[PDB]
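J.: All the letters of the sequence shown, read from the start, carry residue numbers 4 to 190, 193 to 384 under PDB author numbering.
For every residue, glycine included, the Cβ atom is placed at its ideal position computed from N, Cα and C.
Before I ask anything, let me first share the structure, which is written out below as structure tokens.
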Amino acid sequence: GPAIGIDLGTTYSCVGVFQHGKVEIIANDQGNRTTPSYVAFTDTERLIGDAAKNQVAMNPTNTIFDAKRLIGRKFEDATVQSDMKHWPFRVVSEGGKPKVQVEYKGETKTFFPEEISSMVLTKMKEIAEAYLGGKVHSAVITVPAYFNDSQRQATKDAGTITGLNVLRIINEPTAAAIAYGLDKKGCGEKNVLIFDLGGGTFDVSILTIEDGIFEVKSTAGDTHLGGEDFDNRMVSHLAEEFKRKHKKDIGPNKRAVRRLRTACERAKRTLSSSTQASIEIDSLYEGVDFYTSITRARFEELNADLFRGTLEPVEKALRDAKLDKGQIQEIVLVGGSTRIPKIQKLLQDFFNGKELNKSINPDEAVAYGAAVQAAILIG
Ligand SMILES: Cc1n[nH]c(C)c1C(=O)O
Ligand SMILES: Cc1n[nH]c(C)c1C(=O)O
Numbered sequence: 004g005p006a007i008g009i010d011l012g013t014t015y016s017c018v019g020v021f022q023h024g025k026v027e028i029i030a031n032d033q034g035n036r037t038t039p040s041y042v043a044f045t046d047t048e049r050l051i052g053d054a055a056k057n058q059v060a061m062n063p064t065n066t067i068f069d070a071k072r073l074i075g076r077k078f079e080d081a082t083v084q085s086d087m088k089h090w091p092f093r094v095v096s097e098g099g100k101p102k103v104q105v106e107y108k109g110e111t112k113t114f115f116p117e118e119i120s121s122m123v124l125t126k127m128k129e130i131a132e133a134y135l136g137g138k139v140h141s142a143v144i145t146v147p148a149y150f151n152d153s154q155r156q157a158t159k160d161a162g163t164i165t166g167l168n169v170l171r172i173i174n175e176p177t178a179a180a181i182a183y184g185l186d187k188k189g190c193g194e195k196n197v198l199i200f201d202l203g204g205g206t207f208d209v210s211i212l213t214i215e216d217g218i219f220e221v222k223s224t225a226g227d228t229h230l231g232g233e234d235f236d237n238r239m240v241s242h243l244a245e246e247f248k249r250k251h252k253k254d255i256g257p258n259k260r261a262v263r264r265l266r267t268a269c270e271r272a273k274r275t276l277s278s279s280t281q282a283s284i285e286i287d288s289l290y291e292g293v294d295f296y297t298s299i300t301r302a303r304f305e306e307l308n309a310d311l312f313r314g315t316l317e318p319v320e321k322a323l324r325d326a327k328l329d330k331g332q333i334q335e336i337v338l339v340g341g342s343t344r345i346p347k348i349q350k351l352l353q354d355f356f357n358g359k360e361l362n363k364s365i366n367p368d369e370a371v372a373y374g375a376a377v378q379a380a381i382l383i384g
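Right, dumping it as structure tokens:
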């Protein structure tokens, strides 16, 4: 082909290739194995991916993210009207469809959600082409299992605009199950729970798999819960610590809070493999450094409700599928937040000690399965 898989994610995207019998997940030009689903418009240029996310603080009204929350919807939809209230960018209506409105080269422009997503897809396509050489022609692109046909078709339109032959739109939990070979493992029916906790969304899906055929039995979750919520908890804790030690409230100061959040995001990643993380911020406020450290136990304490709370969508997906938790044959971890040991422990204890499918980087599992599926389709 080449055989290409794209996870077009709400805040991050991932691209993989199936080559010499195996998947390789592809790092972008900054060496990052996942790429922000971000597009920024400036006085001179259109930035995509890491370049767009890196200047977001400097240009928030013209930096688009979350276009996946708009794609395939109507402007009048309850979710659109609700989501709009939390974005720093303007959303407007054209023929009843939402468009983002930005400043670009000193003029006002509007873009359909599939136009922003096509720009993200083009960046993923060029990432794959730098890695492979030559041109990428086709891709499997994934969507959430709860997406309707307008959302699916608008995702496909993004691919068409990019100039990709979209071989198939497949469900994200389905691609994760394919990554683990669960359609080929021990071939009756398998009940598979996919536990997908990303940066800003939480999706639980129950699939059945039989003779290589997938059926979505139930979906549950929280469309506004992710890793960013855990970082908010750490930011409040550490802002209070800075106040206690240095008698300075950084709360009213946008830059000090943003820099604290950057340190907290990085600390949280380290806490997935170490029991402590060090914060090293130079001149956080009024020339006062903030060098400190945080333990894993403290991180878990600050997030006790949020982590334990992820089991309620698990219980609801089971009740909707009319399954007892003992009837799940496979559990798959997806999304960067599933690396958190306390989340893995809670999920494993809920499932009476059952081992978790977790050996694939969870932020890459969806693109990994999409790349396998692409290989099958091109043959
Ligand atoms: C680049 C690119 N890919 N898709 C679109 C719509 C664009 C653009 O217009 O810049
Ligand atoms: C990487 C990483 N390690 N731990 C976490 C929570 C992540 C992530 O990507 O969110």
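Indicate, with yes or no, if ligand 1 has a heavy atom lying under 6 Å from the CB of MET127.
T.: No.
J.: Is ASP46 buried or exposed, if buried means 16 or more other CB atoms sit within 10 Å of its CB?
T.: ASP46 comes out exposed.
J.: For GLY203, which of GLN33, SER223, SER16 has the nearest alpha-carbon?
T.: Measuring from the Cα of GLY203, the nearest candidate turns out to be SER16.
J.: Sorted by chain position, which residues of the same chain lie with C-beta nearer than 7 Å to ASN31's C-beta, five sequence neighbours on each side aside?
T.: Closer than 7 Å at Cβ, skipping near neighbours: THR38, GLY52, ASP53, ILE130.
J.: Keeping to the same chain, check which residues put their C-beta closer than 6 Å to that of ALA148; ignore five residues upstream and five downstream.
T.: So the qualifying residues of the chain are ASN174, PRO176, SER210, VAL221, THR224.
J.: Report back the beta-carbon spacing between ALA55 and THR64 to the nearest angstrom; my notes put them in contact at under 8 Å.
T.: Between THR64 and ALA55 the Cβ distance is about 13 Å, and since that is not below 8 Å, they are no contact.
J.: According to DSSP, is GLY314 part of a helix, a strand, or is it coil?
T.: Looking at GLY314 - three-state DSSP - the assignment turns out to be helix.
J.: Looking only at C-alpha atoms, which of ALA272, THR297, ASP216, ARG260 sits nearest to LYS250?
T.: Residue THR297 is the option with its Cα nearest to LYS250.
J.: So, with DSSP's three-state summary, where would you put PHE304?
T.: Looking at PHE304 - three-state DSSP - the assignment turns out to be helix.
J.: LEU50 bridges to which residues according to DSSP?
T.: Answer is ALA43, bridged to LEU50.
J.: Locate the beta strand (DSSP E) running through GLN22, then write down its first and last residues.
T.: That run of the beta strand (DSSP E) goes 15 to 22.
J.: Give me whichever residues DSSP pairs with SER278 in a beta bridge.
T.: DSSP lists no partner for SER278.
J.: Is the Cβ-Cβ distance between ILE181 and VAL377 less than 7 Å?
T.: A contact, by the Cβ cut-off of 7 Å.
J.: Determine the burial state of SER288: buried for a count of at least 16 other Cβ atoms within 10 Å of its Cβ, exposed for fewer.
T.: By the 10 Å Cβ count, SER288 comes out exposed.
J.: Give every residue whose Cβ lies closer than 6 Å to any heavy atom of ligand 2, listed in chain order.
T.: After applying the 6 Å Cβ criterion, the set is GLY232, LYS273, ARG274, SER277, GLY341, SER342, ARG344, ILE345, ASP368.
J.: What is the DSSP secondary structure of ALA60, reduced to helix, strand or coil?
T.: In the structure shown, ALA60 sits in coil (DSSP, three-state: anything other than H, G, I, E or B).
J.: Report the option in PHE115, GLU48, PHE78, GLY166 whose CA atom is closest to the CA atom of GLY109.
T.: Nearest of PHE115, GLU48, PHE78, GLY166 to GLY109, Cα basis: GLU48.
J.: Going by the C-beta, is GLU118 closer than 6 Å to any heavy atom of ligand 1?
T.: Because some heavy atom of ligand 1 lies under 6 Å away, the Cβ of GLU118 counts as near it: yes.
J.: How long is the line joining the alpha carbons of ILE333 and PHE356, rounded to whole angstroms?
T.: The straight-line gap from Cα to Cα measures roughly 9 Å.
J.: Just mark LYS273 as buried or exposed, buried being the case when its beta carbon has 16 or more other beta carbons within 10 Å.
T.: With 16 or more Cβ atoms within 10 Å of its Cβ, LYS273 is classed as buried.
J.: Within this structure, are the beta carbons of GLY340 and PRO318 separated by less than 7 Å?
T.: Not closer than 7 Å, so no.
J.: Considering Cα atoms alone, identify which of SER120, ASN35, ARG303, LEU185 is closest to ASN57.
T.: With distances taken between Cα atoms, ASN57 lies closest to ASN35.
J.: In this structure, how does DSSP classify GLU117 when only helix, strand and coil are distinguished?
T.: Correct three-state label for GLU117: helix.
J.: Where does the unbroken alpha helix (DSSP H) through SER153 begin, and where does it stop?
T.: Per DSSP, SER153 belongs to the alpha helix (DSSP H) from 152 to 165.
J.: Note down the Cα distance separating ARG344 from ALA70, rounded to an integer number of angstroms.
T.: Taking the straight line from one Cα to the other gives about 26 Å.
J.: For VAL337 and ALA142, which I take to be in contact (beta-carbon distance under 8 Å), what is that distance rounded to the nearest angstrom?
T.: Actually they are not in contact, since the Cβ atoms of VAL337 and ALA142 sit about 22 Å apart, beyond 8 Å.
J.: What first and last residue would you give for the beta strand (DSSP E) that runs through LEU382?
T.: Unbroken run through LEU382 is the alpha helix (DSSP H), 370 to 383; no beta strand (DSSP E).
J.: If you draw a straight line from the C-alpha of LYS350 to the C-alpha of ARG72, how long is it?
T.: Their backbone Cα atoms lie some 30 Å apart in a straight line.
J.: Based on the DSSP output, what are the partners of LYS100 in its beta bridges?
T.: DSSP output for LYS100 lists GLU97 as bridge partner(s).
J.: Compute the Euclidean distance between the alpha carbons of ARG263 and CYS190, then round it to the nearest angstrom.
T.: Rounded to whole angstroms, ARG263 to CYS190 spans 50 Å at the Cα level.
J.: Quick check: is any heavy atom of ligand 1 less than 6 Å from the C-beta of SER40?
T.: Not so, every heavy atom of ligand 1 lies at least 6 Å from the Cβ.
J.: Give me the Cα-Cα distance between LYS100 and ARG93, rounded to the nearest whole angstrom.
T.: Taking the straight line from one Cα to the other gives about 14 Å.
J.: Short of 8 Å in beta carbon distance, which residues of its chain neighbour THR82, apart from the five on each side in sequence? Order them along the chain.
T.: For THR82, where only same-chain residues beyond five positions count, the Cβ hits under 8 Å are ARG72, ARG76, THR228.
J.: Tell me the DSSP bridge mates of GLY8?
T.: Its beta-bridge partners are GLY19, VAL143.
J.: Return the Cβ separation of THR113 and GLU97 in integer angstroms, given the expectation that the two are a contact with Cβ distance under 8 Å.
T.: Sure, about 6 Å apart at Cβ, within 8 Å.
J.: Once the 5 residues before and after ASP186 are set aside, which same chain residues still bring their CB inside 6 Å of it?
T.: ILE214, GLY217, listed in sequence order.
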